[PDB]
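Since the structure comes first, as structure tokens, the remarks are kept for the end.
Here the Cβ positions follow ideal geometry from the backbone for every residue, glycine too, while neighbour counts run over all protein chains shown. Derivation of every value follows stated rules applied to the coordinates shown; laboratory data play no part.
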Amino acid sequence: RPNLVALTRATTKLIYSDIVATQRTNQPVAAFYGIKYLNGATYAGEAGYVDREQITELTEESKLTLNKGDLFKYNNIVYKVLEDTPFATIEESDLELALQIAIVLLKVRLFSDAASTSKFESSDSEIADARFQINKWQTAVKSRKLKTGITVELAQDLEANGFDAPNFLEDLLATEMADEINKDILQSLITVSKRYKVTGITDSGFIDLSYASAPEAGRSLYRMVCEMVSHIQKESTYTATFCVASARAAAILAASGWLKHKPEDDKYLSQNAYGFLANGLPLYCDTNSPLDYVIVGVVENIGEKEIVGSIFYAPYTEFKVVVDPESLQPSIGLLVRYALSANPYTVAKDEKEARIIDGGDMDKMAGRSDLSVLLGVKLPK
Amino acid sequence: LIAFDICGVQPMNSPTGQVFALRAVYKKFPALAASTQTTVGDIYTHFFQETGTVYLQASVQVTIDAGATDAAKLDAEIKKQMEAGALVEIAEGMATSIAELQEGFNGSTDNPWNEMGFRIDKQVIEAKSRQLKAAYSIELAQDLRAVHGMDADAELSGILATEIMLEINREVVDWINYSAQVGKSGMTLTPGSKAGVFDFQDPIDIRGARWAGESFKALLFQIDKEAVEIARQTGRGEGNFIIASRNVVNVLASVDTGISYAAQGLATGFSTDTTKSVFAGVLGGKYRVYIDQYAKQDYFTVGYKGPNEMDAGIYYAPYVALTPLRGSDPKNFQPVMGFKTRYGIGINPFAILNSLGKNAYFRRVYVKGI
Amino acid sequence: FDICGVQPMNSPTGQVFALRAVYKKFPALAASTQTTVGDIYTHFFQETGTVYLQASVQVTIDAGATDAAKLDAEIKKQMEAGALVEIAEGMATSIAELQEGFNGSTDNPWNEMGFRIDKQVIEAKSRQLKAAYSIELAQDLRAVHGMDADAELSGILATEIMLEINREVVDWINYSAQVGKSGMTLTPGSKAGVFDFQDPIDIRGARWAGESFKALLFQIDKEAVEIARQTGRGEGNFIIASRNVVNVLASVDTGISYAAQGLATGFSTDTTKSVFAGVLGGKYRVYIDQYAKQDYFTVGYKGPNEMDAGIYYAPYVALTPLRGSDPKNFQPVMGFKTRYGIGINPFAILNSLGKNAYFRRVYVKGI
Amino acid sequence: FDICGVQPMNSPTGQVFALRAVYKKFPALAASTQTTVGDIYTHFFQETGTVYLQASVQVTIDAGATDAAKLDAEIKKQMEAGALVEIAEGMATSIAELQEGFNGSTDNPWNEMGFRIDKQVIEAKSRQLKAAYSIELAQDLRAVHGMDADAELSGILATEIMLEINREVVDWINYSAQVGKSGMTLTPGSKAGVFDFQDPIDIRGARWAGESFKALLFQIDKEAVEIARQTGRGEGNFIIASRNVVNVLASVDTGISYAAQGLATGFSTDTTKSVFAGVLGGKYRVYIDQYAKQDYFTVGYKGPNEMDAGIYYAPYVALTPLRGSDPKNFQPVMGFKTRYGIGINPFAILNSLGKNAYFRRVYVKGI
């Protein structure tokens, strides 16, 4: 449908198509695909895991029974012991930190299980299992529709404006549609994004830059946002690729030197971006939601496929415009439909659960992205 | 695929609008008594204390007990003479014989220029309309194309056209069954029957049948009786067709099966084209039979149709058919499509006031026990 | 499967379409009233209740029939006398027409083309089978008789997986089918859902198996009608039944249900035991449920339109072969997989059981 | 011969192949339960056991029926009403399918195909006959009738060895055949393995030959069904039966067996009774067991592939003449020798007696 395709081209250009992953459908439902792993380091092979089980959990009472040449693992990372009694000289009570110290002081050594070809082939050793699984799910294509191209005396007005009006009105209608769609995307993204939480929520409470807290510069938020990106790096094999925030949350609040107003409009920045941050990421802005929040997360691809995302979008065409003369009024109806969903496997142990849930059911997917986080922000209204 | 081969058509080129129909214009026996010396061939009437009266023709020249002064005694003697075959009972046959004799005897040239018993007249009918709404959606129209390469509206149209034609054919049947007289009654009633209903489990209706086969044939025979009554009242002819419920049609179809097409070509080719808009076949080589796909209960109507379009008892005179309508509903922009016709109906006058339960061209019977 | 809407789903999920349907005040018959020929009058009998009687005769109904019991007697006498006849719902048709004719008006009385027409998303449900054979067997099948060995196994195997699929389709038909010989299809003395050849009611008084077997086919026609009625699509077009039932039904209507008699004649030149045998009554294509659990038949409807089947089978990925080898014993691996998916006219699996008007299932006893 | 596989020898031992096959708590119905259409409940009646009942009608089963006797009465009433319908395994399947589909999975459910296919080694077992005739016979057959003496004896001799071999194969079939009219093919009032024409149950109420004989065919079809089920390959294709049984069957279906009318017409011109009588019901190629011991029939299956017989005849040598003279009385020697041996689907010779799924043998009484 070339006329709808032309409207598609002229309408999807108006939404934040890159803050979600984009896939497409041709079905009444969209088959979506995505990638997930539940714990990141070294090999994921059975041989690896078994050797790890067979050496030690590095408990506090056992860390000193280790000597030169021994292996140990902690938090699934295998380390070799350099010289005797590693940690003998480390008073640190938090074993994880003691380990970090031991690595630096060369008491232990990050250990690689890489080996000769012969070792592997001779023993008929096991092999790395997959880190990530590839999931598939489907959701219904959902829609919205408008009766907004009002005509009658309006036709007369449009005739007066007849030099532009035919196309102008369809483009305008498409624009308001795009606006609600963009907002719909944001609602889903907002919902799925995990609540960023550190020590009882972002330093033991949601960041608060209110008058009674820290009406500073907005620096403390910029710092927190940058940390949100760190969180993404910690939990997933990706760096943040986008950020969206309200004006009061960051689009304006961080404009104290840690936000750039699109100095350049064509390099590493979409046409729909409000700007970008000093810590990168094209920056988007919602402007609608009562939340006044910040979202940090990642969209990523393998070749042409946007397989990674918290939310996936899959439009379905064969942007329909219909002209109907109710009585005296040949108004223009506009219909747009698409699938939009979160990866349901983030709320499932396996397919038996995935098969009874819906990635489009945002009452379940709420807070379960893992490819995005949200910062609640209290502000100096 | 419109039925209507069982009606006059006489199509309109204007509503109001008219059709023609060949509307039909439409004994003092000596008593038998004690001491009566009958004479062979003579006909005597006798009122019995029980079960009314009889008309008996003498086969024997016998005196009926001159001592039978007691009506009870007289009835007994007459009964004995009847048992003897001396006196034989016929009812209308006797009335006719004496009436014809009386006319012959007192016949006169005079001026007995009677009329051919057909008035022949016409009715004015409006091109009464019927119409359907496709009531479909954009989303299916789009998905149908997108998913299977289907033509959407074109297919909806095919359904719609079929449905309006079926609904029209249905209406025709409702009119037939509105106006039809109820059969298995009167001249076609079995004394032990249930008044207008044929019950396949009832020994009377099934004529002493054994198992379903013979019970099914008994219905066939009730149909022939209905066909006769139609001829008797119409003055035009024996029922020529049957409209009946699927249950009835299957029953008839099971008997002398060559009468109907099982549509074995349809079954063989795995539902090539069900064509569920036509007549099944011809029962007994006499009645073209059609399935009422919307039968309300379970029934059969026998009807007459002469070769002349003016001899149906019911008329359909199409002026407009399948006019496609297209549109949309602006309240939500869903597409709109539909079909409209204008055809009108006619009914032999029989004087819809003079139609309900009065139409001599059709006899309807309710069926139980299938 | 050849009675299903194929709607082949070139992608799983995936859906099929179905043409799902959208889904007496006669003044009085009473003492002293006078009926008029052709009209209809309402009456409630003290026993048997409401009837509707139509006049053949213009007559005063006993003006002295004060007592309802007396009136009931008079009304019955008028029926006995041929003055009155009885029709029930058929009179409803007449009142509706009387009212509609009388009040007909152009207005906006558009009727709907009373079909919902809808779509149902389905998964391409999979199925898989292994060849499970040794190399030595394959070597000998070729070496000894010139057989194509594993290719022959592939043929058998592929046939077998397809048979299992067809089995599944039938099992779901018998799940979704409504219980037949019920409601509209009952004889008052019948046993509801089961046709028992030893029961004189079910066999309608049949004398010996010949007549009884015909009686079974008659119940089948009754089922075909109920399907026709509820779906609004017409008489059932096919029958699926157990080996016992098929043999019984194939005893009537000559060899119309085919045993592929030419194969028998030629000493099993084939057996072709995978498809519909033929056409019972000249009306219903009949297939054999080769896995029937008890003894039964199901009557169903199939239109020419793939959306008018009531059941859908959409063979995405059919008979795709697998190949491999297992070095532990260095034996061959061969097998087949499919991803077909199924579905029905929604009629709202939970909304399928005992609900689908396109099919009616009856249990058979006494064979 | 034409009802078995052949797979000829090239040497004894020697082998054949065979297509050997590999080989849920419906909720209780109780007082007050509102059944819902399509749903199925379990109900054990105090008398005559449990059935599952499917609802056709949504209905509450007498909440006051706390007395199991009362509950049975209400349930029976609802069944009479057509509200509830009894089915046994059709139901067990329906629930099993629901449970597996609904709570099913993906995983890797590779089943093996139902067929294993296997092989056997067979020696070319020998058989032979001698004419055992004298010179004086030969001299006079020529001198008196102009006959070719031993030439005729040879024709007889060859015929007898042929018949004897076919007889042996049949004996092995009857040996290995399972006994029919058993298990899955029993009439509840039946006599276990024997069809008795004088028994109204077996003959389905039949009177005289017409109906009684058709009733035997009815049992034959049931036997064909059991074969189909157990072999996994399809209904029986042929019948071996005694002369009495064959004549009984021949009397029905009009043209199934040939009377060889030309033979009778011409006064026994050429009997040729070494072939199949014809095809029973158009379904089973039928042949007379000329050596039947009691009175009986065996129904058997044969596919187009020689390995799909259940029994295999593998000729190596046939009609090798034997010739000579015996000096003790100097009488001529004539004879024939053959070598073949047979195979039998393994079914696991001791694994054949009464175990062969391709055949069902029934003893017949009352003819």
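Quick notes
- Using the Cβ-Cβ distance between residue D:128 and residue D:175 with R0 = 25 Å, the FRET efficiency computed as 1/(1 + (r/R0)^6) comes to roughly 0.65.
- Dimensions in Å of the protein assembly as shown - Rg and Dmax from alpha carbons: 44.4, 155
- Taking other C-beta atoms within 10 Å as the exposure proxy, C:157, A:38, C:186 rank A:38, C:186, C:157 from fewest upward.
- The share of C-alpha pairs in the stretch D:86-180 whose separation exceeds 24 Å stands at 65 percent.
- Sorted peptide list for C:85-91, D:224-230, B:310-316, criterion being average Cβ within 10 angstrom, highest first: B:310-316, D:224-230, C:85-91
- Rh (Kirkwood; distinct C-alpha pairs) - the stretch D:141-221, Å: 16.5 Å
- Each of D:11, A:229, A:334 was placed along the dipole of the protein assembly as shown (beta-carbon charges, centred on the mean Cα), and the one lying farthest toward the positive end is D:11.
- Around the Cα centre of chain B, unit charges on the Cβ atoms of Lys, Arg, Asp and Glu (plus for the first two, minus for the last two) sum to a dipole of about 740 debye.
- Fewest-first sequence of B:19, D:194, D:179 by Cβ atoms within 10 Å of each Cβ: D:179, D:194, B:19
- Inter-centroid distance (Cα atoms) of the stretch B:274-331 relative to the stretch C:193-219, Å: 35 Å
- Scaling against 2.2 N^0.38 Å puts the C-alpha radius of gyration of chain A at 1.26.
- Nearby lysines by direct alpha-carbon distance to residue B:79 (threshold 22 angstrom, same-chain neighbours under 8 apart not counted): B:28
- Cα-centre dipole for the stretch A:134-233 with unit charges at Cβ (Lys and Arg positive, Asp and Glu negative), debye to 20: 940 debye
- One equal scatterer on each Cα of the stretch B:54-190, no solvent, Debye formula: the resulting log10 I(q)/I(0) at q = 0.14 Å⁻¹ is -0.99.
- The Cα-based radius of gyration and maximum Cα-Cα distance (Dmax) for the stretch C:1-126 are 25.7, 79 Å.
- Averaged over peptide C:90-96, the number of partner chain Cβ atoms lying within 10 Å of each residue's Cβ comes to 5.
- Charge sum, other residues only, whose C-beta stays under 13 Å from residue A:94's C-beta, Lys/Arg counted +1 and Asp/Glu -1: -3
- Using every pair of distinct Cα positions in the stretch B:256-306, the Kirkwood expression returns a hydrodynamic radius of 12.6 angstrom.
- Projecting the Cα atoms of D:68, D:122, C:314 onto the charge dipole of the protein assembly as shown, computed from C-beta unit charges around the Cα centre, puts D:122 farthest toward the positive end.
- Distance violations [Cα-Cα > 29 Å] among A:36/A:107; B:368/C:25; A:142/B:133; A:119/A:352: A:36/A:107; A:119/A:352
- Reach of residue C:77 by Cα under 12 Å, taken over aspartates and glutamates that are not fewer than 8 positions away in the same chain: C:62
- Shielding by other protein chains, A:170-181, mean Cβ within 10 Å: 0
- q = 0.07, 0.08, 0.14 Å⁻¹: log10 I(q)/I(0) that the Debye formula gives for chain D, counting C-alpha atoms only: -0.50, -0.62, -1.19
- Every Cα-Cα pair in the stretch A:53-113 was counted, and those over 20 Å apart are 9% of them.
- Under 16 Å from residue D:365, Cα to Cα: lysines that are on another chain or at least 8 residues apart: D:181, D:191, D:214, D:293
- P(r) histogram, all alpha-carbon pairs of the stretch B:1-58 included - 5 Å bins from 0, percent: 4, 12, 14, 11, 6, 3, 3, 4, 5, 8, 11, 10, 6, 3, 1
- Between residue D:263 and residue C:144, the FRET efficiency estimated from the beta carbon spacing at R0 = 56 angstrom works out to 0.85.
- Cut-off 17 Å (backbone N to label point 7 Å along Cα→Cβ of residue B:352), residues of the stretch B:119-134: B:124-131
- Restricting the chymotrypsin sites (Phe, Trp or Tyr not before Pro) of the stretch B:99-150 to loop positions (DSSP other than H, G, I, E, B) with no more than 14 neighbouring Cβ atoms within 10 Å leaves B:113.
- Radius of gyration over Kirkwood radius for the stretch D:247-347, both on Cα atoms: the Rg/Rh ratio is 1.10.
- Simple Cβ-charge dipole of the stretch A:53-113, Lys/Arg +1 and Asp/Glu -1, about Cα centre, in debye nearest 20: 300 debye
- Considering helices alone, the calculated mean residue ellipticity of chain B at 222 nm is -9000 deg cm²/dmol, with DSSP H runs of length four and up weighted by -39500 (n - 2.57) and normalised per residue.
- Relative contact order, percent, the stretch A:53-113 [alpha-carbon distance under 8 Å, six or more residues apart]: 30 percent
- Distance cut-off 25 Å, percentage of C-alpha pairs in chain B lying past it: 68 percent
- Selection from A:285, A:297, A:206 lying farthest towards where the dipole of chain A points positive, charges on Cβ: A:285
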